[PDB]
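Reviewing the structure listed below.
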Amino acid sequence: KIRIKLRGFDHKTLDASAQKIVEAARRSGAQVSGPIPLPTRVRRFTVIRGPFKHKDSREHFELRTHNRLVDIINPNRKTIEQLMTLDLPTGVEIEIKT
Amino acid sequence: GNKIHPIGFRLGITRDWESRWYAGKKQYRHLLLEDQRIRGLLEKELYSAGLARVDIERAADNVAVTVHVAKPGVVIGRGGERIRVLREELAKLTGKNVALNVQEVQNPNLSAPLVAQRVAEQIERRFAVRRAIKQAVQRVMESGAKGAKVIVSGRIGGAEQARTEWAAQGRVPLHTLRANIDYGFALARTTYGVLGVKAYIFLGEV
Amino acid sequence: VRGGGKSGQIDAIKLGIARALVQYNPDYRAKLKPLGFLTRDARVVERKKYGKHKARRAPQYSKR
Amino acid sequence: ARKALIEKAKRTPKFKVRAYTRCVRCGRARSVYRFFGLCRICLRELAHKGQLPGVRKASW
Amino acid sequence: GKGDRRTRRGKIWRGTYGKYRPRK
Amino acid sequence: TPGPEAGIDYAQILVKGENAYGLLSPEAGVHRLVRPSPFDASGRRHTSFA
Amino acid sequence: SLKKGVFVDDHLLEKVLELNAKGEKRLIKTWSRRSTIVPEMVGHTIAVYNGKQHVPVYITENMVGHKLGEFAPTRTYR
Amino acid sequence: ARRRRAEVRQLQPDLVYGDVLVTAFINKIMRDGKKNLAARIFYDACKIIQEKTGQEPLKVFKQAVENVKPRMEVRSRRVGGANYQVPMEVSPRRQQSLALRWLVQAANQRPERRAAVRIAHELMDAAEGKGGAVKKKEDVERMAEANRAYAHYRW
Amino acid sequence: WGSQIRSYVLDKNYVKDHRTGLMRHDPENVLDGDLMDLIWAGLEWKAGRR
RNA sequence: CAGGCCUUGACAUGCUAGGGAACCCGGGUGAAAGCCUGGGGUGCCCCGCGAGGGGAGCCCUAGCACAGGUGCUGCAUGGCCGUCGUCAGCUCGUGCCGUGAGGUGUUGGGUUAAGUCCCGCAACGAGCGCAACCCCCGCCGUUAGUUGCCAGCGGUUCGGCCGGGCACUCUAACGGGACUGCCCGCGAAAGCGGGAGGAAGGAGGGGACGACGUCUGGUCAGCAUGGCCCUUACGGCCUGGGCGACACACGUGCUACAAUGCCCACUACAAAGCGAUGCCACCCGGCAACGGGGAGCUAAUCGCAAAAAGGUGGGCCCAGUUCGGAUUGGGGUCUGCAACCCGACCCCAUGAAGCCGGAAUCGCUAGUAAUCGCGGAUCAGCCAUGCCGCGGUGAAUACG
RNA sequence: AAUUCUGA
Ligand SMILES: [Mg+2]
Ligand SMILES: [Mg+2]
Ligand SMILES: [Mg+2]
Ligand SMILES: [Mg+2]
Ligand SMILES: [Mg+2]
Ligand SMILES: [Mg+2]
Ligand SMILES: [Mg+2]
Ligand SMILES: [Mg+2]
Ligand SMILES: [Mg+2]
Ligand SMILES: [Mg+2]
Ligand SMILES: [Mg+2]
Ligand SMILES: [Mg+2]
Ligand SMILES: [Mg+2]
Ligand SMILES: [Mg+2]
Ligand SMILES: [Mg+2]
Ligand SMILES: [Mg+2]
Ligand SMILES: [Mg+2]
Ligand SMILES: [Mg+2]
Ligand SMILES: [Mg+2]
Ligand SMILES: [Mg+2]
Ligand SMILES: [Mg+2]
Ligand SMILES: [Mg+2]
Ligand SMILES: [Mg+2]
Ligand SMILES: [Mg+2]
Ligand SMILES: [Mg+2]
Ligand SMILES: [Zn+2]
């Protein structure tokens, strides 16, 4: 009954911040639906190496936006605790609705 | 005219972002700038202790500013005034949570970014640019390290025609990802021109 | 089936159909292997590298 | 002629058209990516230095 | 042809729409 | 007279006008040119005279 | 191509209106070539600029729907 | 092909007569990879065989191909500043390549409107031994044997 | 050699007129028209002794 | 570039002197810049009701130390990039030979993609490179279910949409896997050939990565920087023009010269991306561009959206053509203050050269070439036929 | 059976 978005760049922080928030409520009230990983939005833009000109031999960079999703069913009141109160963001976006 | 940046090369593993946080396609810009000017003023009023890195985190209107150093006793002063006067400056351009760490280095001669600046100085100090390398390496190597390497650019000594002074020891495989090598670069402007300081420190593995 | 192009899906169908009966049947190997309807076919339109109009084709060399 | 320009570059007034791009690090004006508000040079530079959040050497 | 503005491929190749290539 | 390999060997032209001579007169003389030789192999630096 | 209005520079109209009311002189420099030759303008000789100078161009009622740049070639060798 | 002696590409059977040859021929008829169209034409033609003749397509297409394969050909050569055109047998693998090719090429050197017709007619003649493809064959043979002089080189 | 009365350089952009001493920094401009400057001077130098 | 203008200046640090100290509305001349000009009007440091003051944020004028310079020098330089070359190479330590330069190792026999490995050997090791760890695509599993699905049944407004349910597909992040290990042969070995199994061989197909060095290679105009030089102008502002000129020549490309074709109506099959003064569902007026209204969308949940070649039917019937769309006249939409130089589209009318291209000359060895269509960055719009990506159909040939 | 490449 509660939809949560964890939009970060690295996954080694989402597949650890999500799976952390999961059983931090699973065991404290109604069950939950695992972390559903949705498609990534990337920025595969390229750029020409040399400063001056050399429209060939370039180098491109991409900016990956990894998205994690977890939905706790029955919105316990024993959950607006270790969750709504215990936050562990270090460089991650979190947006929750219902 | 080649060779990628060992740093940007390992950007996904064996070395991590010197600034990790999230930003939407709506502010990443302003914030990216912010992080920049921060490093700017910092690299200004903080050379006496000569840093070697400036990590920065976020998650909700906060700032790490975890300034790793090799002489923190200076960034602070005599108790906690310098470190206190600075937190002051930083917040002056950002109405944010201007935190500020002050790590250190158990051995700065195992952190290129520093070794670089050292020689940079020596050059501007009019030192034997050759031995100044022989030593800047015989140091890091003497103090344990699977690899050293310092490269200086043109104007070596002031001779009209520019030359590149090389010299290294140990092992330095810029082609092996899992090798965590420390790349250190810093300028050394003189009366006759500019010089280049490149240092390679080989550390970890597997 | 979905995704790709008809004369490309037909080829995938030839995989499932060749994997359906091999499952629900024994005598479907020593005569489906030397035919390999079981193979995958790595062949995929490859990435277009930079400085090459069509992935492998190159720009017109002049010299003059 | 580089300084006084990026200075008039900042001012975004007078006719909403002239308002143009411009790299922030360097004063450049060409190939100024909108995302980083940076140019194609002061992008390959920082990126390698890791200083660009999440921007990793693309490879596919 | 891919250049005959007044045709199917005309606008297709053009990427535009008109009396010769309406939107459904 | 478009010389051998490059340039010319001779040239002569009329200057129709007033005081044309008085103008193009001080020009009369030797004119040197220094730059790496576009002709020389290693684009080395040589001097030219005319 | 501008079916809404005539976008004809004002400093020019304001000019050919007071100077128009009770028709008189003509010495009228400008840089408003960008503007249209609104009807009536006939007579008054505009001296359109061209990046170099003011070319005294007459005004006939055959060149009304036309601009002013179209009466002062910018290049040389026309 | 400086290292390995390359490796002959293997075709896929025909979705009608199930023949490796019958397919190779279609590829030639193919333009811009439009195999779907190339394929059509062939059969569209194989029908014409029936139409105009009691012959049986697959067997007609078999005799034709045979009467176009050049016994021998003259490949260039270097004697030393000398390019004496020497004669030589035509590898079966190549023999068929040429054969098939000339057919199509010639097939188009016909004045017929449709294509099928061309492919058709062109095979109805060849199979007999009087087509444009056969001419451009005899020729390729007249050269050789005619140069049977410088044939003591072969190499 | 040593007979020139005004040299032209391009890898150091300038034009030294030995006769008078004058030295501009635009060889490219001179070599294309720009002369009305050194022509006057050229005279002044010369006509000086007559 | 022409023309009108500004001076410690469009930007910084700092100093002397009254006015001014936040700031707002204007009037005049003018192409704009600028010049010139009339009114509303301030907490405060604080003796003090007050008269009054100094005065910090603050801000104008005259004068000053300095700014500013895409002005020269890439042979004064940093950094970065091209290139030989994704080539098999380049060297060091000690020992040994040599008067010495140097040699040896690294040469030789065998193998490989490789200085890859093997065996020899006055050499014995090691370092920088090849390889390998990183990414992507091929099989598979686990974690995970708002993509998906009558897959099993059900109601169904008969649309996977509704209960239901994640089996599949897919999504994403961690793994299993291939190692010449197994059989036969030759071989001293390395390793090559042939077979089985397996999604896949023997580097599985793509990347990223590009050694010591070469080119006094490229860039002082992205930035940085030594020296030289301009400092009421080599700085600065604005309006207009130019960079888009045209007797010409070259490189790179687009569309064609047409029946394996073109035109038309109908009907399918994608991938990777991008989107809150952004993408626009659907309506509605219009031949249309497009303009009116208007819903959803922090976007696996709405939109750009149609993929196109293909398939079905029909129309041309061999012609400068129902081929080809240049040029030009006329009428319109839209962005922008404004499109004459100089915008992109739309519609009516023109319909040019071009019936396969001289000497020459380029690319590609397989999902490659050829061919069809889509996306993005840039960005108001757009001169994109460019560049960087994505998939759809899918060849020929390799003796040497 | 096919030349020449000045001079920092
Ligand atoms: Mg350098
Ligand atoms: Mg393709
Ligand atoms: Mg080239
Ligand atoms: Mg300027
Ligand atoms: Mg200027
Ligand atoms: Mg703009
Ligand atoms: Mg002579
Ligand atoms: Mg003579
Ligand atoms: Mg063959
Ligand atoms: Mg002027
Ligand atoms: Mg040079
Ligand atoms: Mg050995
Ligand atoms: Mg040796
Ligand atoms: Mg091998
Ligand atoms: Mg090795
Ligand atoms: Mg500069
Ligand atoms: Mg202009
Ligand atoms: Mg241009
Ligand atoms: Mg609207
Ligand atoms: Mg226009
Ligand atoms: Mg041809
Ligand atoms: Mg053609
Ligand atoms: Mg001769
Ligand atoms: Mg001679
Ligand atoms: Mg010589
Ligand atoms: Zn920049």
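By convention here, the chains of the structure tokens are called A, B, ... in the order presented, each chain's residues are numbered starting at 1, and ligands are numbered starting at 1 in the order presented.
Pocket residues of ligand 25, taken as those with any atom at most 12 Å away using only C-alpha atoms (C1' of nucleotides) and all ligand atoms, are residues 39, 40, 41, 42 and 44 of chain F; 4, 5, 6 and 7 of chain K.
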Run DSSP on the backbone and tell me which residues of chain G come out as helix (DSSP H, G or I); list them as a list in words. residues 10, 11, 12, 13, 15, 16, 17, 18, 69, 70 and 71 of chain G
Any idea which chain J residues end up within 9 Å of chain D if we count only C-alpha atoms (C1' of nucleotides), as a PDB file with N, CA, C and O atoms (P, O5', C5', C4', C3', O3' and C1' of nucleotides), in the first residue's frame please?
ATOM      1  P     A J  10      31.964  50.136 -18.070  1.00  0.00           P
ATOM      2  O5'   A J  10      31.597  48.650 -17.633  1.00  0.00           O
ATOM      3  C5'   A J  10      30.242  48.182 -17.708  1.00  0.00           C
ATOM      4  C4'   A J  10      30.215  46.726 -18.096  1.00  0.00           C
ATOM      5  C3'   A J  10      31.003  45.788 -17.194  1.00  0.00           C
ATOM      6  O3'   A J  10      30.256  45.386 -16.050  1.00  0.00           O
ATOM      7  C1'   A J  10      31.553  45.353 -19.457  1.00  0.00           C
ATOM      8  P     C J  11      30.971  45.344 -14.609  1.00  0.00           P
ATOM      9  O5'   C J  11      31.971  44.110 -14.707  1.00  0.00           O
ATOM     10  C5'   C J  11      31.520  42.767 -14.459  1.00  0.00           C
ATOM     11  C4'   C J  11      32.685  41.904 -14.041  1.00  0.00           C
ATOM     12  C3'   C J  11      33.540  42.491 -12.932  1.00  0.00           C
ATOM     13  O3'   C J  11      33.011  42.248 -11.645  1.00  0.00           O
ATOM     14  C1'   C J  11      34.943  41.765 -14.686  1.00  0.00           C
ATOM     15  P     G J  68      42.234  40.809 -16.174  1.00  0.00           P
ATOM     16  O5'   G J  68      41.710  41.317 -17.592  1.00  0.00           O
ATOM     17  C5'   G J  68      40.311  41.636 -17.797  1.00  0.00           C
ATOM     18  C4'   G J  68      40.100  42.278 -19.153  1.00  0.00           C
ATOM     19  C3'   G J  68      40.850  41.642 -20.314  1.00  0.00           C
ATOM     20  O3'   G J  68      40.226  40.481 -20.838  1.00  0.00           O
ATOM     21  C1'   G J  68      41.152  43.981 -20.386  1.00  0.00           C
ATOM     22  P     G J  69      41.141  39.306 -21.447  1.00  0.00           P
ATOM     23  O5'   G J  69      41.774  39.984 -22.741  1.00  0.00           O
ATOM     24  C5'   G J  69      40.933  40.528 -23.773  1.00  0.00           C
ATOM     25  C4'   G J  69      41.760  40.922 -24.972  1.00  0.00           C
ATOM     26  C3'   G J  69      42.819  39.921 -25.404  1.00  0.00           C
ATOM     27  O3'   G J  69      42.325  38.828 -26.159  1.00  0.00           O
ATOM     28  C1'   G J  69      43.762  42.082 -25.365  1.00  0.00           C
ATOM     29  P     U J  70      42.775  37.338 -25.754  1.00  0.00           P
ATOM     30  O5'   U J  70      42.642  36.494 -27.100  1.00  0.00           O
ATOM     31  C5'   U J  70      43.365  36.861 -28.298  1.00  0.00           C
ATOM     32  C4'   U J  70      42.449  36.776 -29.495  1.00  0.00           C
ATOM     33  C3'   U J  70      41.200  37.638 -29.365  1.00  0.00           C
ATOM     34  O3'   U J  70      41.435  39.010 -29.776  1.00  0.00           O
ATOM     35  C1'   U J  70      40.626  35.419 -30.052  1.00  0.00           C
ATOM     36  P     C J  80      47.776  14.759 -20.184  1.00  0.00           P
ATOM     37  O5'   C J  80      46.755  14.908 -21.397  1.00  0.00           O
ATOM     38  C5'   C J  80      45.385  15.273 -21.154  1.00  0.00           C
ATOM     39  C4'   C J  80      44.737  15.779 -22.420  1.00  0.00           C
ATOM     40  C3'   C J  80      44.974  14.936 -23.658  1.00  0.00           C
ATOM     41  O3'   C J  80      44.124  13.821 -23.726  1.00  0.00           O
ATOM     42  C1'   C J  80      45.324  17.203 -24.196  1.00  0.00           C
ATOM     43  P     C J 135      32.170  -6.338 -15.858  1.00  0.00           P
ATOM     44  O5'   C J 135      31.628  -5.420 -17.037  1.00  0.00           O
ATOM     45  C5'   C J 135      31.228  -4.057 -16.789  1.00  0.00           C
ATOM     46  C4'   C J 135      30.871  -3.387 -18.088  1.00  0.00           C
ATOM     47  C3'   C J 135      29.925  -4.210 -18.942  1.00  0.00           C
ATOM     48  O3'   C J 135      28.573  -3.990 -18.582  1.00  0.00           O
ATOM     49  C1'   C J 135      31.768  -3.522 -20.254  1.00  0.00           C
ATOM     50  P     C J 136      27.506  -5.169 -18.782  1.00  0.00           P
ATOM     51  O5'   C J 136      27.327  -5.239 -20.360  1.00  0.00           O
ATOM     52  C5'   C J 136      26.869  -4.093 -21.105  1.00  0.00           C
ATOM     53  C4'   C J 136      26.841  -4.412 -22.581  1.00  0.00           C
ATOM     54  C3'   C J 136      26.203  -5.748 -22.928  1.00  0.00           C
ATOM     55  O3'   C J 136      24.790  -5.631 -23.019  1.00  0.00           O
ATOM     56  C1'   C J 136      28.264  -5.520 -24.081  1.00  0.00           C
ATOM     57  P     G J 206      34.717  -9.964 -34.004  1.00  0.00           P
ATOM     58  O5'   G J 206      33.738  -8.812 -33.517  1.00  0.00           O
ATOM     59  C5'   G J 206      34.226  -7.686 -32.808  1.00  0.00           C
ATOM     60  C4'   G J 206      33.074  -6.823 -32.367  1.00  0.00           C
ATOM     61  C3'   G J 206      33.510  -5.660 -31.503  1.00  0.00           C
ATOM     62  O3'   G J 206      33.958  -4.591 -32.306  1.00  0.00           O
ATOM     63  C1'   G J 206      31.788  -6.813 -30.393  1.00  0.00           C
ATOM     64  P     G J 207      35.433  -3.999 -32.078  1.00  0.00           P
ATOM     65  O5'   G J 207      35.127  -2.558 -31.467  1.00  0.00           O
ATOM     66  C5'   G J 207      35.822  -2.066 -30.306  1.00  0.00           C
ATOM     67  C4'   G J 207      34.856  -1.886 -29.160  1.00  0.00           C
ATOM     68  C3'   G J 207      35.424  -1.104 -27.993  1.00  0.00           C
ATOM     69  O3'   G J 207      35.251   0.286 -28.236  1.00  0.00           O
ATOM     70  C1'   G J 207      34.389  -3.081 -27.192  1.00  0.00           C
ATOM     71  P     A J 208      36.539   1.241 -28.331  1.00  0.00           P
ATOM     72  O5'   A J 208      37.022   1.358 -26.820  1.00  0.00           O
ATOM     73  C5'   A J 208      36.122   1.823 -25.794  1.00  0.00           C
ATOM     74  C4'   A J 208      36.679   1.496 -24.432  1.00  0.00           C
ATOM     75  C3'   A J 208      38.154   1.803 -24.274  1.00  0.00           C
ATOM     76  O3'   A J 208      38.365   3.171 -23.968  1.00  0.00           O
ATOM     77  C1'   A J 208      37.676  -0.341 -23.370  1.00  0.00           C
ATOM     78  P     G J 222      41.830  27.264 -29.364  1.00  0.00           P
ATOM     79  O5'   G J 222      40.896  27.274 -28.065  1.00  0.00           O
ATOM     80  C5'   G J 222      39.614  27.955 -28.062  1.00  0.00           C
ATOM     81  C4'   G J 222      38.917  27.785 -26.722  1.00  0.00           C
ATOM     82  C3'   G J 222      39.737  28.146 -25.493  1.00  0.00           C
ATOM     83  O3'   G J 222      39.710  29.539 -25.201  1.00  0.00           O
ATOM     84  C1'   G J 222      38.716  26.046 -25.159  1.00  0.00           C
ATOM     85  P     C J 223      41.008  30.236 -24.550  1.00  0.00           P
ATOM     86  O5'   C J 223      41.218  29.442 -23.188  1.00  0.00           O
ATOM     87  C5'   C J 223      40.216  29.431 -22.149  1.00  0.00           C
ATOM     88  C4'   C J 223      40.733  28.656 -20.958  1.00  0.00           C
ATOM     89  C3'   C J 223      42.093  29.130 -20.467  1.00  0.00           C
ATOM     90  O3'   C J 223      41.980  30.211 -19.550  1.00  0.00           O
ATOM     91  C1'   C J 223      42.140  26.775 -20.766  1.00  0.00           C
ATOM     92  P     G J 235      40.970  45.593 -29.536  1.00  0.00           P
ATOM     93  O5'   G J 235      40.895  45.855 -27.959  1.00  0.00           O
ATOM     94  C5'   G J 235      41.511  44.948 -27.001  1.00  0.00           C
ATOM     95  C4'   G J 235      41.039  45.273 -25.596  1.00  0.00           C
ATOM     96  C3'   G J 235      39.527  45.314 -25.436  1.00  0.00           C
ATOM     97  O3'   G J 235      38.999  44.030 -25.143  1.00  0.00           O
ATOM     98  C1'   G J 235      40.463  47.299 -24.552  1.00  0.00           C
ATOM     99  P     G J 236      37.550  43.630 -25.701  1.00  0.00           P
ATOM    100  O5'   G J 236      36.620  44.825 -25.208  1.00  0.00           O
ATOM    101  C5'   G J 236      36.236  44.934 -23.826  1.00  0.00           C
ATOM    102  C4'   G J 236      35.122  45.943 -23.661  1.00  0.00           C
ATOM    103  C3'   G J 236      33.973  45.840 -24.650  1.00  0.00           C
ATOM    104  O3'   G J 236      33.026  44.865 -24.233  1.00  0.00           O
ATOM    105  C1'   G J 236      34.639  48.101 -24.392  1.00  0.00           C
ATOM    106  P     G J 336       8.946  32.281 -30.061  1.00  0.00           P
ATOM    107  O5'   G J 336       9.950  33.446 -30.482  1.00  0.00           O
ATOM    108  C5'   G J 336      11.346  33.381 -30.129  1.00  0.00           C
ATOM    109  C4'   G J 336      12.169  34.217 -31.082  1.00  0.00           C
ATOM    110  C3'   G J 336      11.874  35.711 -31.095  1.00  0.00           C
ATOM    111  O3'   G J 336      12.657  36.401 -30.123  1.00  0.00           O
ATOM    112  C1'   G J 336      11.945  34.880 -33.315  1.00  0.00           C
ATOM    113  P     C J 337      11.955  37.024 -28.818  1.00  0.00           P
ATOM    114  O5'   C J 337      11.302  38.389 -29.311  1.00  0.00           O
ATOM    115  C5'   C J 337      10.683  38.494 -30.601  1.00  0.00           C
ATOM    116  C4'   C J 337      10.397  39.939 -30.914  1.00  0.00           C
ATOM    117  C3'   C J 337      10.313  40.259 -32.396  1.00  0.00           C
ATOM    118  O3'   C J 337       8.996  40.028 -32.899  1.00  0.00           O
ATOM    119  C1'   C J 337      11.733  41.825 -31.296  1.00  0.00           C
ATOM    120  P     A J 377      18.331  15.604 -27.090  1.00  0.00           P
ATOM    121  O5'   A J 377      19.845  16.097 -27.028  1.00  0.00           O
ATOM    122  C5'   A J 377      20.749  15.577 -26.026  1.00  0.00           C
ATOM    123  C4'   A J 377      22.182  15.688 -26.500  1.00  0.00           C
ATOM    124  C3'   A J 377      22.614  17.083 -26.930  1.00  0.00           C
ATOM    125  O3'   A J 377      23.094  17.824 -25.815  1.00  0.00           O
ATOM    126  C1'   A J 377      23.245  15.500 -28.585  1.00  0.00           C
ATOM    127  P     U J 378      22.479  19.272 -25.491  1.00  0.00           P
ATOM    128  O5'   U J 378      22.814  20.141 -26.781  1.00  0.00           O
ATOM    129  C5'   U J 378      24.173  20.474 -27.122  1.00  0.00           C
ATOM    130  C4'   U J 378      24.219  21.130 -28.480  1.00  0.00           C
ATOM    131  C3'   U J 378      23.278  22.311 -28.657  1.00  0.00           C
ATOM    132  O3'   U J 378      23.936  23.495 -28.223  1.00  0.00           O
ATOM    133  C1'   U J 378      23.263  20.892 -30.585  1.00  0.00           C
ATOM    134  P     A J 380      17.775  27.653 -27.993  1.00  0.00           P
ATOM    135  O5'   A J 380      16.430  27.061 -28.607  1.00  0.00           O
ATOM    136  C5'   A J 380      15.194  27.140 -27.881  1.00  0.00           C
ATOM    137  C4'   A J 380      14.135  27.782 -28.735  1.00  0.00           C
ATOM    138  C3'   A J 380      13.983  27.177 -30.118  1.00  0.00           C
ATOM    139  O3'   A J 380      13.137  26.033 -30.073  1.00  0.00           O
ATOM    140  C1'   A J 380      14.026  29.557 -30.257  1.00  0.00           C
TER     141        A J 380
END
Spatial neighbours of residue 154 (chain H), 8 Å, only C-alpha atoms (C1' of nucleotides), chain gap at least 5 places, as a PyMOL selection string: chain H and resi 86-88
For ligand 1, which of B:199, B:162, B:7, B:174 is the closest residue, counting only C-alpha atoms and all ligand atoms?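 Ranking B:199, B:162, B:7, B:174 by distance to ligand 1, first place goes to B:162.
Residues lying within 12 Å of region 16-24 of chain E, counting only C-alpha atoms (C1' of nucleotides) and ignoring same-chain neighbours fewer than 2 positions away, are residues 4, 5, 6, 7, 8, 9, 10, 11, 12, 13 and 14 of chain E; 263, 264, 286, 287, 288, 289, 290, 305, 306, 333, 344, 345, 346 and 347 of chain J.
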Return as a PyMOL selection string every polymer residue, whether protein, DNA or RNA, with at least one atom no more than 12 Å from an atom of ligand 9; count only C-alpha atoms (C1' of nucleotides) and all ligand atoms. (chain H and resi 6-11+20-21+24-25+27-28+91-101) or (chain J and resi 395-399)
Show me which residues sit within 8 Å of ligand 13 when counting only C-alpha atoms (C1' of nucleotides) and all ligand atoms, and put them as a list in words.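 Every residue with an atom at most 8 Å from ligand 13 is listed here: residues 103, 104, 105 and 106 of chain J.
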